[PDB]
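Data block for run-v3.cif (mmCIF, C-alpha atoms):
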```
data_protein
#
loop_
_atom_site.label_atom_id
_atom_site.label_comp_id
_atom_site.auth_asym_id
_atom_site.auth_seq_id
_atom_site.Cartn_x
_atom_site.Cartn_y
_atom_site.Cartn_z
CA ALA A 1 -63.68 15.81 -123.96
CA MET A 2 -59.94 15.41 -124.58
CA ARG A 3 -57.46 18.29 -124.50
CA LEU A 4 -53.77 18.36 -125.25
CA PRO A 5 -51.09 20.11 -123.16
CA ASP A 6 -48.85 20.53 -126.23
CA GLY A 7 -48.86 20.69 -130.01
CA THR A 8 -51.94 21.06 -132.16
CA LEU A 9 -54.81 20.20 -129.83
CA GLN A 10 -57.20 17.50 -131.05
CA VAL A 11 -60.55 18.60 -129.61
CA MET A 12 -63.82 18.21 -131.52
CA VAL A 13 -66.15 21.21 -131.40
CA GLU A 14 -69.69 21.68 -132.69
CA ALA A 15 -71.00 25.16 -133.48
CA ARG A 16 -74.46 25.06 -131.91
CA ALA A 17 -75.01 28.81 -132.30
CA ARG A 18 -73.56 32.09 -133.51
CA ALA A 19 -72.86 34.91 -131.07
CA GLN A 20 -70.98 38.18 -130.57
CA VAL A 21 -68.70 39.95 -128.10
CA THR A 22 -70.32 42.52 -125.81
CA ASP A 23 -68.61 42.24 -122.40
CA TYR A 24 -65.21 43.88 -122.93
CA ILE A 25 -63.38 42.10 -120.11
CA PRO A 26 -59.62 41.95 -120.86
CA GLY A 27 -57.91 38.59 -120.59
CA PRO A 28 -56.34 36.20 -119.84
CA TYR A 29 -58.75 34.85 -118.95
CA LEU A 30 -61.09 36.73 -121.28
CA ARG A 31 -64.73 36.24 -120.29
CA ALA A 32 -67.19 37.25 -123.02
CA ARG A 33 -70.82 36.19 -123.25
CA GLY A 34 -72.15 34.02 -126.05
CA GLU A 35 -75.77 33.55 -127.12
CA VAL A 36 -78.43 30.94 -126.40
CA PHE A 37 -77.53 27.49 -127.73
CA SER A 38 -80.49 27.48 -130.13
CA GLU A 39 -79.42 28.01 -133.74
CA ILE A 40 -80.03 31.55 -134.96
CA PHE A 41 -82.82 31.43 -137.49
CA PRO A 42 -83.38 33.67 -140.52
CA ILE A 43 -86.19 36.19 -140.65
CA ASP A 44 -87.19 35.73 -144.35
CA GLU A 45 -86.69 31.96 -144.41
CA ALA A 46 -88.65 31.29 -147.61
CA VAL A 47 -86.45 33.78 -149.47
CA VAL A 48 -83.40 32.80 -147.38
CA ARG A 49 -83.53 29.13 -148.45
CA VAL A 50 -83.70 30.21 -152.12
CA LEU A 51 -80.74 32.52 -151.46
CA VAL A 52 -78.85 29.59 -149.92
CA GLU A 53 -79.74 27.38 -152.90
CA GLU A 54 -78.42 29.94 -155.38
CA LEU A 55 -75.37 30.26 -153.09
CA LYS A 56 -74.95 26.51 -153.60
CA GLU A 57 -75.28 26.98 -157.37
CA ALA A 58 -72.77 29.88 -157.35
CA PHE A 59 -70.19 27.80 -155.49
CA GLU A 60 -71.11 24.81 -157.72
CA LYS A 61 -70.20 26.82 -160.81
CA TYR A 62 -67.21 28.14 -158.86
CA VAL A 63 -65.62 24.79 -157.93
CA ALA A 64 -64.91 23.95 -161.59
CA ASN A 65 -63.22 27.34 -161.89
CA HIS A 66 -61.69 26.96 -158.38
CA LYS A 67 -59.61 23.91 -159.43
CA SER A 68 -56.28 25.74 -159.05
CA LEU A 69 -57.09 26.21 -155.34
CA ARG A 70 -59.82 23.57 -155.11
CA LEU A 71 -61.50 22.68 -151.81
CA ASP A 72 -63.93 19.85 -151.18
CA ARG A 73 -67.72 19.61 -151.16
CA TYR A 74 -67.87 16.37 -149.15
CA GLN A 75 -68.40 18.22 -145.88
CA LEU A 76 -70.77 20.55 -147.75
CA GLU A 77 -72.79 17.77 -149.42
CA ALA A 78 -73.03 15.96 -146.08
CA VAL A 79 -74.80 19.00 -144.59
CA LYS A 80 -76.93 20.21 -147.54
CA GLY A 81 -79.98 18.47 -146.09
CA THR A 82 -79.77 20.53 -142.90
CA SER A 83 -82.66 22.99 -142.55
CA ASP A 84 -80.43 25.68 -140.99
CA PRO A 85 -79.40 28.15 -143.73
CA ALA A 86 -76.69 29.99 -141.77
CA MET A 87 -74.49 26.92 -141.36
CA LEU A 88 -74.92 26.18 -145.08
CA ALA A 89 -73.70 29.73 -145.77
CA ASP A 90 -70.78 29.17 -143.37
CA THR A 91 -69.82 25.86 -145.00
CA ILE A 92 -70.05 27.33 -148.53
CA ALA A 93 -67.93 30.28 -147.35
CA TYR A 94 -65.33 27.93 -145.84
CA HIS A 95 -65.19 25.66 -148.89
CA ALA A 96 -64.86 28.59 -151.31
CA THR A 97 -61.32 29.74 -150.58
CA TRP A 98 -60.78 33.41 -149.75
CA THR A 99 -59.47 35.35 -146.73
CA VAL A 100 -59.70 33.29 -143.54
CA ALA A 101 -60.37 36.52 -141.64
CA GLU A 102 -63.30 37.19 -143.99
CA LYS A 103 -64.39 33.56 -143.57
CA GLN A 104 -64.37 33.95 -139.78
CA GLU A 105 -66.19 37.31 -140.00
CA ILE A 106 -68.82 35.53 -142.10
CA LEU A 107 -69.08 32.53 -139.81
CA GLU A 108 -69.07 34.28 -136.43
CA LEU A 109 -71.65 36.81 -137.63
CA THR A 110 -75.04 36.02 -136.11
CA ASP A 111 -77.29 37.73 -138.67
CA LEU A 112 -78.04 35.95 -141.94
CA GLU A 113 -78.97 39.11 -143.87
CA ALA A 114 -75.38 40.36 -144.08
CA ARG A 115 -73.86 36.85 -144.07
CA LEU A 116 -75.62 35.52 -147.18
CA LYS A 117 -74.95 38.60 -149.28
CA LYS A 118 -71.33 38.51 -148.05
CA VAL A 119 -70.87 34.89 -149.16
CA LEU A 120 -72.56 35.59 -152.50
CA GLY A 121 -70.44 38.73 -152.79
CA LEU A 122 -67.19 36.87 -152.37
CA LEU A 123 -68.48 34.07 -154.60
CA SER A 124 -68.94 36.83 -157.17
CA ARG A 125 -65.31 37.95 -157.00
CA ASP A 126 -63.92 34.39 -156.82
CA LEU A 127 -65.94 33.31 -159.89
CA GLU A 128 -64.72 36.46 -161.59
CA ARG A 129 -61.06 35.92 -160.65
CA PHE A 130 -61.06 32.36 -161.88
CA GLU A 131 -63.00 33.29 -165.02
CA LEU A 132 -60.41 35.98 -165.72
CA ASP A 133 -57.95 33.12 -165.20
CA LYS A 134 -59.96 31.15 -167.78
CA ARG A 135 -59.88 33.93 -170.37
CA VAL A 136 -56.18 34.62 -169.75
CA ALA A 137 -55.56 30.85 -170.01
CA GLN A 138 -57.24 30.69 -173.41
CA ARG A 139 -55.36 33.90 -174.23
CA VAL A 140 -52.16 31.97 -173.45
CA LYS A 141 -53.41 29.11 -175.63
CA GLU A 142 -54.08 31.36 -178.62
CA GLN A 143 -50.97 33.48 -178.01
CA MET A 144 -48.51 30.56 -178.00
CA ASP A 145 -49.81 29.41 -181.40
CA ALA B 1 -113.63 45.97 -118.61
CA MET B 2 -110.40 44.30 -117.49
CA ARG B 3 -107.26 45.66 -115.84
CA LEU B 4 -104.24 44.28 -117.68
CA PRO B 5 -101.12 45.57 -115.88
CA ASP B 6 -99.13 47.76 -118.28
CA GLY B 7 -99.35 51.27 -116.80
CA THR B 8 -102.06 52.20 -119.33
CA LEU B 9 -105.77 52.41 -118.51
CA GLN B 10 -108.02 50.87 -121.18
CA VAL B 11 -111.65 49.78 -121.41
CA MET B 12 -113.20 47.37 -123.92
CA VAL B 13 -115.86 49.15 -126.00
CA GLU B 14 -118.08 48.29 -128.97
CA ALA B 15 -119.04 51.46 -130.83
CA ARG B 16 -122.25 51.56 -132.87
CA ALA B 17 -122.04 54.66 -135.10
CA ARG B 18 -120.71 58.21 -135.23
CA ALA B 19 -122.43 61.22 -133.67
CA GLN B 20 -122.32 65.00 -133.77
CA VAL B 21 -121.12 67.35 -131.02
CA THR B 22 -123.36 70.06 -129.57
CA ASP B 23 -121.60 71.00 -126.30
CA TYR B 24 -118.10 72.50 -126.25
CA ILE B 25 -117.48 72.99 -122.53
CA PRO B 26 -113.69 73.01 -121.95
CA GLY B 27 -112.21 70.42 -119.64
CA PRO B 28 -110.68 67.90 -119.23
CA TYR B 29 -113.00 66.11 -119.22
CA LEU B 30 -115.68 67.38 -121.61
CA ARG B 31 -119.39 67.07 -120.79
CA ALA B 32 -120.51 66.72 -124.40
CA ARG B 33 -123.60 64.66 -125.23
CA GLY B 34 -123.46 62.69 -128.46
CA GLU B 35 -126.06 63.21 -131.16
CA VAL B 36 -128.01 60.70 -133.29
CA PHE B 37 -126.30 58.01 -135.36
CA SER B 38 -124.72 59.48 -138.49
CA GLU B 39 -123.08 56.43 -140.08
CA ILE B 40 -124.87 55.57 -143.33
CA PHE B 41 -124.68 52.56 -145.63
CA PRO B 42 -123.16 53.56 -149.00
CA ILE B 43 -125.12 53.30 -152.23
CA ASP B 44 -124.29 50.34 -154.54
CA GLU B 45 -122.96 48.03 -151.82
CA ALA B 46 -121.63 45.50 -154.36
CA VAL B 47 -119.00 47.93 -155.69
CA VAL B 48 -118.20 48.89 -152.08
CA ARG B 49 -117.75 45.19 -151.22
CA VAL B 50 -115.47 44.76 -154.26
CA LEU B 51 -113.36 47.70 -153.04
CA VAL B 52 -113.26 46.25 -149.49
CA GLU B 53 -112.07 42.90 -150.89
CA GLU B 54 -109.45 44.66 -153.04
CA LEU B 55 -108.14 46.55 -150.00
CA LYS B 56 -108.25 43.25 -148.06
CA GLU B 57 -106.00 41.67 -150.70
CA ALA B 58 -103.76 44.77 -150.62
CA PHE B 59 -103.48 44.56 -146.82
CA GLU B 60 -102.81 40.81 -147.07
CA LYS B 61 -99.92 41.48 -149.46
CA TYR B 62 -98.81 44.36 -147.21
CA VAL B 63 -98.44 42.06 -144.20
CA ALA B 64 -97.00 39.39 -146.53
CA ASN B 65 -94.17 41.75 -147.47
CA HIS B 66 -93.72 42.36 -143.74
CA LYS B 67 -93.53 38.56 -143.35
CA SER B 68 -89.94 39.10 -144.49
CA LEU B 69 -89.65 40.73 -141.04
CA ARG B 70 -91.38 37.60 -139.59
CA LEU B 71 -94.66 39.42 -138.95
CA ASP B 72 -97.48 37.01 -138.14
CA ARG B 73 -100.82 37.10 -139.96
CA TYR B 74 -103.47 37.93 -137.35
CA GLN B 75 -104.99 41.25 -138.45
CA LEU B 76 -106.14 39.58 -141.67
CA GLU B 77 -108.19 37.13 -139.61
CA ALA B 78 -109.57 40.14 -137.73
CA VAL B 79 -110.65 41.79 -141.00
CA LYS B 80 -112.10 38.49 -142.27
CA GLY B 81 -115.01 36.36 -141.10
CA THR B 82 -117.71 39.05 -141.41
CA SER B 83 -119.79 39.49 -144.57
CA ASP B 84 -121.39 42.91 -144.02
CA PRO B 85 -119.05 45.62 -145.39
CA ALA B 86 -120.10 48.11 -142.67
CA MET B 87 -117.87 46.47 -140.06
CA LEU B 88 -115.38 45.33 -142.72
CA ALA B 89 -114.37 48.82 -143.86
CA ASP B 90 -114.21 49.96 -140.23
CA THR B 91 -111.90 47.14 -139.13
CA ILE B 92 -109.69 47.57 -142.22
CA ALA B 93 -109.43 51.31 -141.54
CA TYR B 94 -108.59 50.53 -137.90
CA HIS B 95 -105.98 47.88 -138.69
CA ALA B 96 -104.36 50.22 -141.24
CA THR B 97 -102.75 52.62 -138.77
CA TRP B 98 -102.47 56.28 -139.81
CA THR B 99 -102.19 59.71 -138.20
CA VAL B 100 -104.82 60.91 -135.73
CA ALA B 101 -105.91 63.85 -137.93
CA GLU B 102 -106.50 61.60 -140.96
CA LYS B 103 -108.37 59.16 -138.71
CA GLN B 104 -110.53 62.12 -137.65
CA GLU B 105 -111.11 62.82 -141.35
CA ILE B 106 -112.17 59.16 -141.67
CA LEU B 107 -114.50 59.58 -138.67
CA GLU B 108 -116.12 62.76 -140.06
CA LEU B 109 -116.89 61.23 -143.46
CA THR B 110 -119.62 58.60 -143.71
CA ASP B 111 -118.79 57.31 -147.20
CA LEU B 112 -116.28 54.49 -147.50
CA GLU B 113 -114.98 54.71 -151.10
CA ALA B 114 -112.47 57.54 -150.58
CA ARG B 115 -110.77 55.95 -147.56
CA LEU B 116 -110.60 52.58 -149.37
CA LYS B 117 -108.87 54.12 -152.40
CA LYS B 118 -106.59 56.23 -150.16
CA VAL B 119 -105.45 53.28 -148.01
CA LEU B 120 -105.00 51.12 -151.14
CA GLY B 121 -102.79 53.76 -152.78
CA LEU B 122 -100.75 54.32 -149.61
CA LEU B 123 -100.18 50.58 -149.07
CA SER B 124 -99.21 50.08 -152.73
CA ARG B 125 -96.72 52.96 -152.47
CA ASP B 126 -95.29 51.42 -149.28
CA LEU B 127 -94.83 48.04 -151.02
CA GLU B 128 -93.07 49.76 -153.93
CA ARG B 129 -90.74 51.59 -151.50
CA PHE B 130 -89.83 48.44 -149.53
CA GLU B 131 -89.19 46.33 -152.65
CA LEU B 132 -87.18 49.20 -154.17
CA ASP B 133 -85.06 49.41 -150.99
CA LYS B 134 -84.32 45.67 -151.15
CA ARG B 135 -83.33 45.90 -154.83
CA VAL B 136 -81.07 48.91 -154.12
CA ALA B 137 -79.41 47.00 -151.26
CA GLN B 138 -78.74 43.94 -153.43
CA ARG B 139 -77.52 46.08 -156.36
CA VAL B 140 -75.12 47.99 -154.07
CA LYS B 141 -73.88 44.60 -152.83
CA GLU B 142 -73.18 43.42 -156.39
CA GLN B 143 -71.60 46.80 -157.20
CA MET B 144 -69.12 46.39 -154.36
CA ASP B 145 -68.49 42.86 -155.68
CA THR B 146 -67.51 44.49 -158.98
CA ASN B 147 -65.35 47.03 -157.14
CA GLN B 148 -63.61 44.37 -155.05
CA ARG B 149 -63.06 42.44 -158.29
CA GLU B 150 -61.34 45.50 -159.80
CA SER B 151 -59.32 45.83 -156.59
CA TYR B 152 -58.21 42.17 -156.52
CA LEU B 153 -57.16 42.28 -160.16
CA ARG B 154 -55.18 45.40 -159.22
CA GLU B 155 -53.24 43.69 -156.41
CA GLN B 156 -52.59 40.70 -158.65
CA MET B 157 -51.32 43.30 -161.12
CA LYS B 158 -49.22 44.73 -158.28
CA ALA B 159 -48.29 41.30 -156.87
CA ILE B 160 -46.79 40.42 -160.23
CA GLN B 161 -45.04 43.80 -160.13
CA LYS B 162 -43.23 42.19 -157.25
CA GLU B 163 -40.69 39.52 -158.37
CA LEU B 164 -40.55 41.19 -161.83
CA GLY B 165 -38.63 44.06 -163.41
CA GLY B 166 -38.11 46.64 -160.71
CA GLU B 167 -40.39 47.09 -157.74
CA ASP B 168 -38.46 50.27 -157.11
CA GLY B 169 -39.59 52.59 -159.85
CA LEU B 170 -42.89 50.76 -160.30
CA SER B 171 -43.91 51.30 -156.66
CA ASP B 172 -42.89 54.90 -157.32
CA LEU B 173 -45.34 54.77 -160.23
CA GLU B 174 -48.14 53.41 -158.03
CA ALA B 175 -47.59 55.96 -155.25
CA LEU B 176 -47.14 58.54 -158.03
CA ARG B 177 -50.47 57.55 -159.57
CA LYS B 178 -52.07 57.75 -156.14
CA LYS B 179 -50.72 61.31 -155.97
CA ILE B 180 -52.11 61.70 -159.48
CA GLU B 181 -55.58 60.56 -158.41
CA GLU B 182 -55.65 62.43 -155.11
CA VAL B 183 -55.04 65.87 -156.60
CA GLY B 184 -58.54 66.88 -157.55
CA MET B 185 -59.10 66.41 -161.26
CA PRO B 186 -62.14 67.64 -163.15
CA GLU B 187 -64.15 64.70 -164.39
CA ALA B 188 -63.35 65.00 -168.10
CA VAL B 189 -59.75 65.67 -167.03
CA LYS B 190 -59.89 62.66 -164.69
CA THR B 191 -61.42 60.29 -167.26
CA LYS B 192 -59.00 61.24 -170.01
CA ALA B 193 -56.27 60.98 -167.40
CA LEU B 194 -57.46 57.46 -166.54
CA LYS B 195 -56.44 56.01 -169.92
CA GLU B 196 -53.08 57.75 -169.52
CA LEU B 197 -53.00 56.37 -165.97
CA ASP B 198 -53.56 52.78 -167.07
CA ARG B 199 -51.00 53.41 -169.82
CA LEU B 200 -48.52 54.58 -167.15
CA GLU B 201 -49.07 51.06 -165.75
CA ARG B 202 -46.61 49.94 -168.44
CA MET B 203 -43.21 49.06 -167.01
CA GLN B 204 -41.06 52.16 -167.22
CA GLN B 205 -37.83 50.90 -168.80
CA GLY B 206 -38.97 48.24 -171.26
CA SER B 207 -42.06 50.26 -172.19
CA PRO B 208 -40.52 53.76 -172.16
CA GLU B 209 -43.87 55.30 -173.09
CA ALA B 210 -44.61 55.05 -169.37
CA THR B 211 -41.35 56.92 -168.68
CA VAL B 212 -42.60 60.03 -170.46
CA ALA B 213 -46.02 59.29 -168.98
CA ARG B 214 -44.46 59.92 -165.56
CA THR B 215 -43.25 63.31 -166.77
CA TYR B 216 -46.72 63.80 -168.22
CA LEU B 217 -48.98 62.78 -165.36
CA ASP B 218 -46.78 64.29 -162.67
#
```

If you took the structure in this file and wrote it as structure tokens, what would it be?
Amino acid sequence: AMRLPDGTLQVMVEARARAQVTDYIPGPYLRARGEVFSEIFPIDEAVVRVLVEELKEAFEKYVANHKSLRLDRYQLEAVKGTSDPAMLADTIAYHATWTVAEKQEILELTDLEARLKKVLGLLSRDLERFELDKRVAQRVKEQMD
Amino acid sequence: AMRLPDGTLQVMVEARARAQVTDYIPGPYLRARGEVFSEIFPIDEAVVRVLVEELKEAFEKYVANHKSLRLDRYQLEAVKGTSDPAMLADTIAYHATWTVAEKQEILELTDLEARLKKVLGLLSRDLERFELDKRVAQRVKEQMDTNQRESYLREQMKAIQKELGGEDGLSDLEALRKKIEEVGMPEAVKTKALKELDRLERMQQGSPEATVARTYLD
């Protein structure tokens, strides 16, 4: 517990659980309920862990293509052993660079059914943008000669 | 008989067999006396047992597809543990919930083969529908990935139309082509306009084919 009265505040947070906004109480100070501090668990966890593993493989093929706007895997590979699939989806979504609003919509979503297909969906378009960058780069390479 | 508090009155019973109705005094309730036992053991009980085990496997896979919805496996233990098919077909037909009229049709009939085949076909059709719905959902997800890929390549096409040539004129071409799309083309007209549309994407001055393509697609 250490807060700053000025500048960029250096406070360490830990996302114990995902939640949503229901109580529309206008702020400041805005008072909206969260959820229980237990991690939200998937409903099809045998299929969900395979979906998270192919999410890992999609971002793993992406990061070689992502190298123009490359982000790390060191926070991702430090948490790959965690049994919670939602936070793996959130970390893959953060480390694969796209819209920060879309990243926050992914991460603050409680359900894993929309979250995992959203992260795989944006890993589809990133892979495809950087593979179009690959084919246009080799197009540049052939076109200059 | 126990009184569990839920607002619903229930009594624990253990039925033996079906019976006929001879008194039809209107009620409620009805003072009808049941007849003799009418449930009969089917001929060739080995084939009946094979059909009960096949429907047991079908019901196991039916709850196993509902395990995607985190449904626990307790009705399978209810329909297992007994070796006589007479209670087995009855508890499988109970744990497969259907309409009250079809359950009355089950109660009227004493043979077991027709209800076993009917419940097996219905459960198989349900599994096909649920798996088809999941595949449609994932395919629609990948389709909107393809569409958002076509979009993002279009605003990188438009983002490079900024800083280059003339954004005036070319933004006129993009709003123009939105006017072109939003007037309601016939589909052959629209598709053969789409090549002309992506050819109007040429920059108007340096590629003056697009300049007459304005005066064509307008």

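Those residues positioned at most 9 Å from (-123.9, 52.6, -144.1) are residues 38, 39, 40, 41, 42, 43, 85, 86, 110, 111 and 112 of chain B, judged using all atoms listed in the file.
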
Residues of chain B no more than 6 Å from chain A, counting only C-alpha atoms: send them over as JSON, numbers by chain. {"B": [68, 69, 70, 145, 149]}

So how far away is atom CA of residue A:69 from atom CA of residue A:93, in Å? 14.1 Å

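The gap separating atom CA of residue B:137 from atom CA of residue A:20 is 24.0 Å, in Å to one decimal.
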
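Between residue B:37 and the candidates B:17, B:76, B:109, B:51, the tightest atom-to-atom separation, counting all atoms listed in the file, involves B:17.
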
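In this structure, atom CA of residue A:16 sits 24.5 Å away from atom CA of residue A:28.
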
Need the shell around residue A:79: protein/DNA/RNA residues with any atom at most 10 Å away, counting all atoms listed in the file. Skip same-chain ones fewer than 5 positions apart. Format as a PyMOL selection string? chain A and resi 73-74+84+87-88+91

Taking all atoms listed in the file into account, produce a table as a tab-separated table in which each residue of stretch 39-91 of chain B with an atom at most 12 Å from an atom of stretch 4-15 of chain B appears once, together with its shortest atom pair and the distance in Å to one decimal, ordered by chain and rising number.
```
residue	atom	partner	partner_atom	distance
B:39	CA	B:15	CA	11.3
B:87	CA	B:15	CA	10.6
B:90	CA	B:15	CA	10.7
B:91	CA	B:15	CA	11.8
```

Give me the residues near residue B:166 as an NGL selection string, where near means some atom within 12 Å (using only C-alpha atoms) and where sequence neighbours in that chain fewer than 6 positions away do not count. :B and (158 or 160 or 172-173 or 202-206)

Next, write the just-selected residues to a file, as a compact mmCIF listing (two decimals), in the frame of the given file, keeping C-alpha atoms as the atom set.
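Heads up, here's the output in out_2.txt:
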```txt
# COMPACT_ATOMS: atom_id res chain seq x y z
CA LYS B 158 -49.22 44.73 -158.28
CA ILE B 160 -46.79 40.42 -160.23
CA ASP B 172 -42.89 54.90 -157.32
CA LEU B 173 -45.34 54.77 -160.23
CA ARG B 202 -46.61 49.94 -168.44
CA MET B 203 -43.21 49.06 -167.01
CA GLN B 204 -41.06 52.16 -167.22
CA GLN B 205 -37.83 50.90 -168.80
CA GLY B 206 -38.97 48.24 -171.26
```

Report, as lines of an AutoDock Vina configuration file, the centre and edge lengths in Å (one decimal) of the axis-aligned box enclosing every listed atom of stretch 74-85 of chain B, padded by 3 Å on each side.
```
center_x = -112.4
center_y = 41.0
center_z = -141.4
size_x = 23.9
size_y = 15.3
size_z = 14.0
```

Starting from the PyMOL selection byres ((chain B and resi 179-189) around 12), expand the selection into actual residues of this file and give them as an MDAnalysis selection string. chainID B and resid 172:178 190:198 200 213:218

At a cut-off of 8 Å around the point (-78.6, 30.6, -148.7) (file coordinates), what residues fall inside when counting all atoms listed in the file? I'd like the answer as a ChimeraX atom specification. /A:48-56,85-86,88-89,116

Give me, as a PyMOL selection string, all polymer residues having an atom no more than 12 Å from residue A:38, counting all atoms listed in the file and skipping those fewer than 5 positions away in the same chain. chain A and resi 15-19+84+110

Quick one: everything within 10 Å of residue A:12, counting all atoms listed in the file, minus sequence neighbours fewer than 6 positions away in the same chain. Send it as a PyMOL selection string. chain A and resi 1-3

If I only have part of stretch 16-32 of chain B, can you fill in N, CA, C and O atoms and write it as a short mmCIF file (atom, residue, chain, number, x, y, z; two decimals), keeping the file's coordinate frame?
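Final file, out.cif:
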```cif
data_model
loop_
_atom_site.label_atom_id
_atom_site.label_comp_id
_atom_site.auth_asym_id
_atom_site.auth_seq_id
_atom_site.Cartn_x
_atom_site.Cartn_y
_atom_site.Cartn_z
N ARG B 16 -121.16 51.83 -131.94
CA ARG B 16 -122.25 51.56 -132.87
C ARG B 16 -122.16 52.41 -134.13
O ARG B 16 -122.12 51.88 -135.24
N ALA B 17 -122.12 53.74 -133.97
CA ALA B 17 -122.04 54.66 -135.10
C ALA B 17 -121.46 55.98 -134.61
O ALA B 17 -121.24 56.17 -133.41
N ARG B 18 -121.22 56.88 -135.54
CA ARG B 18 -120.71 58.21 -135.23
C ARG B 18 -121.84 59.13 -134.78
O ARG B 18 -123.03 58.83 -134.96
N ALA B 19 -121.47 60.26 -134.18
CA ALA B 19 -122.43 61.22 -133.67
C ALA B 19 -121.85 62.62 -133.76
O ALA B 19 -120.63 62.80 -133.87
N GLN B 20 -122.73 63.61 -133.72
CA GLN B 20 -122.32 65.00 -133.77
C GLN B 20 -122.12 65.55 -132.36
O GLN B 20 -122.53 64.95 -131.36
N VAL B 21 -121.46 66.71 -132.29
CA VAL B 21 -121.12 67.35 -131.02
C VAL B 21 -121.89 68.66 -130.92
O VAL B 21 -121.83 69.49 -131.84
N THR B 22 -122.60 68.85 -129.81
CA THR B 22 -123.36 70.06 -129.57
C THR B 22 -122.87 70.88 -128.39
O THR B 22 -123.19 72.08 -128.32
N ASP B 23 -122.12 70.29 -127.46
CA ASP B 23 -121.60 71.00 -126.30
C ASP B 23 -120.08 71.07 -126.39
O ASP B 23 -119.43 70.05 -126.67
N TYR B 24 -119.53 72.25 -126.17
CA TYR B 24 -118.10 72.50 -126.25
C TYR B 24 -117.59 73.13 -124.96
O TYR B 24 -116.86 74.12 -124.97
N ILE B 25 -117.99 72.55 -123.84
CA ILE B 25 -117.48 72.99 -122.53
C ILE B 25 -116.03 72.53 -122.39
O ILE B 25 -115.75 71.33 -122.56
N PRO B 26 -115.09 73.43 -122.11
CA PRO B 26 -113.69 73.01 -121.95
C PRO B 26 -113.49 72.19 -120.69
O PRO B 26 -114.20 72.34 -119.69
N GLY B 27 -112.51 71.29 -120.74
CA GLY B 27 -112.21 70.42 -119.64
C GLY B 27 -110.74 70.44 -119.27
O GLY B 27 -110.14 71.50 -119.09
N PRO B 28 -110.12 69.25 -119.14
CA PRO B 28 -110.68 67.90 -119.23
C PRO B 28 -111.39 67.48 -117.93
O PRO B 28 -110.94 67.92 -116.87
N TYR B 29 -112.44 66.66 -117.98
CA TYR B 29 -113.00 66.11 -119.22
C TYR B 29 -114.12 66.99 -119.77
O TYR B 29 -114.48 68.00 -119.17
N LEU B 30 -114.67 66.59 -120.92
CA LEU B 30 -115.68 67.38 -121.61
C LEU B 30 -117.04 66.74 -121.42
O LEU B 30 -117.22 65.54 -121.68
N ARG B 31 -118.01 67.54 -120.98
CA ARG B 31 -119.39 67.07 -120.79
C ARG B 31 -120.20 67.35 -122.06
O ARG B 31 -121.10 68.18 -122.10
N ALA B 32 -119.85 66.62 -123.11
CA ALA B 32 -120.51 66.72 -124.40
C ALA B 32 -121.39 65.50 -124.62
O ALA B 32 -120.92 64.36 -124.49
#
```
